[PDB]
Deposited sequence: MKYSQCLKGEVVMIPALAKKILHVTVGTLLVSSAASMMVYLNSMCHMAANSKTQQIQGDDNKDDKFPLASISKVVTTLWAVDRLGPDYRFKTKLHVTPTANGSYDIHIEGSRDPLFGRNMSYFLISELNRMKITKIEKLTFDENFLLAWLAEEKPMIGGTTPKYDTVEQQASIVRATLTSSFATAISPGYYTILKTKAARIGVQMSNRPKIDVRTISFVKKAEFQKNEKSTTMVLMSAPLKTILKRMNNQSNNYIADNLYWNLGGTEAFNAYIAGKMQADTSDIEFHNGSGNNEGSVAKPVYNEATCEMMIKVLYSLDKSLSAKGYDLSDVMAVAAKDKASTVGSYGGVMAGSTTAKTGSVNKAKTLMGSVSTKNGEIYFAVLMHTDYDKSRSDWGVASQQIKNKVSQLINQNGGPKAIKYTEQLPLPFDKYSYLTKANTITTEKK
């Protein structure tokens, strides 16, 4: 069954900072993947929107004109196929195609623990590259002015795990850095649409639940009656019998948006630099949002068994307004509930816009959020 748990809003430029909405705006409800926006705030506060993950390669020539390479990982939470293909392209451009020994430490997170990363490296990294995925990437890379090799290839004899604590660079080794795109791009990719991986790895990298509870307490004077998190993504930790969802109040979601916007603003950024724009970000869950929301609304969606959710900002003739809509669903019993709830949320948000003099388009051009950019080229440290 579909019904509203709580909706709330607040004008961004509100002097009084009074959060308007229903009498349930102070009750905890399941958030689903709007949790990713809270994770965004934390990452933005702890690292900065321009932060970059600096993966290091320790590169030593070997007897036969080959190289040994050790990857000192940065826990970059967006190091998958795409970033791997870029790495391979970069090794080629540096004329590294013969690798005797490839080793990696525990901070080298690779999702296409040591046992599994070794397997993905052997299975995927060192194997043949997909022309399908590669050319698509290369052509995307070109759109943001990043150069990649044609038919890059790598040959790796041996792959193995070597703990950070137990690694010593040879004195004949050269240290190279492969920087991620800035965090804001990573967060944009995450918030457009993602499985749990990026969000959950950010949340863990920042210290997990203990550190989160400490952060939100300091930041917002929030206790567990306001917000209770178990992961970064909002996905169920328990079972369909015993579900465990991140929950928080609708007011807390408004405070999160307020604080996120303030921290981004201090570096010249807007919510649209880390969250999806209705009808403009086509690779996002809001790519087909129509009506008064199209071009005016920056937002994150969520869906889980018991909830359909949306939060973000609307740009109206009366100004920027933060909003959060938390709907109840019973997707277990009626899979149709998500679609029913999704349109009711849309209509509520459209009504909020109507009541504030109608929409006003934001300044935004659709971004292409790859895990690397033009500063990600392998470079000597």
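- For this chain, the deposited residues without C-alpha positions form the stretches 1 to 37, 150 to 169, 439 to 446, given in sequence order.
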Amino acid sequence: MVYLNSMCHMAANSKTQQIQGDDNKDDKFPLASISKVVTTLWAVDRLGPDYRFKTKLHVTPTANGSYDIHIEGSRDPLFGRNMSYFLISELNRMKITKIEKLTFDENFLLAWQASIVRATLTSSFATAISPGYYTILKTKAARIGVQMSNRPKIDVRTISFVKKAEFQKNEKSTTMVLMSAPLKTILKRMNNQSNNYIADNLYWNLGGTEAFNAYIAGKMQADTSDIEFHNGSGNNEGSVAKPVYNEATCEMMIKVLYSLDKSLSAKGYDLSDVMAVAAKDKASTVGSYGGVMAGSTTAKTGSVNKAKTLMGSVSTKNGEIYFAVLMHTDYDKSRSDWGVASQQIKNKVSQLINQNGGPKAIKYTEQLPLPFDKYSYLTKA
From here on, numbers count along this sequence of modelled residues.
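- Taking the mean C-alpha B-factor of each stretch as recorded, 359 to 367 and 14 to 22 are not equal, and the higher mean is that of 14 to 22.
- Look at the C-alpha B-factors of 274 to 282 and of 133 to 141. On average they run higher in 133 to 141.
- Across 182, 218, 291, 77, the greatest Cα temperature factor reported in the deposited entry is at 218.
- Between the residues 230, 188, 300, 157, it is 157 that shows the highest Cα B-factor in the PDB record.
- When the CA B factors of the chain's modelled residues are split into thirds, the value for residue 41 lands in the lowest one.
- Ranked within its chain, residue 66 lands in the highest third, by CA B factor from the PDB record.
- In the deposited entry, the Cα temperature factor of residue 256 places it in the lowest third of its chain's modelled residues.
- Ranked within its chain, residue 73 lands in the middle third, by CA B factor from the PDB record.
- In the deposited entry, the Cα temperature factor of residue 238 sits in the top third of values across the chain's modelled residues.
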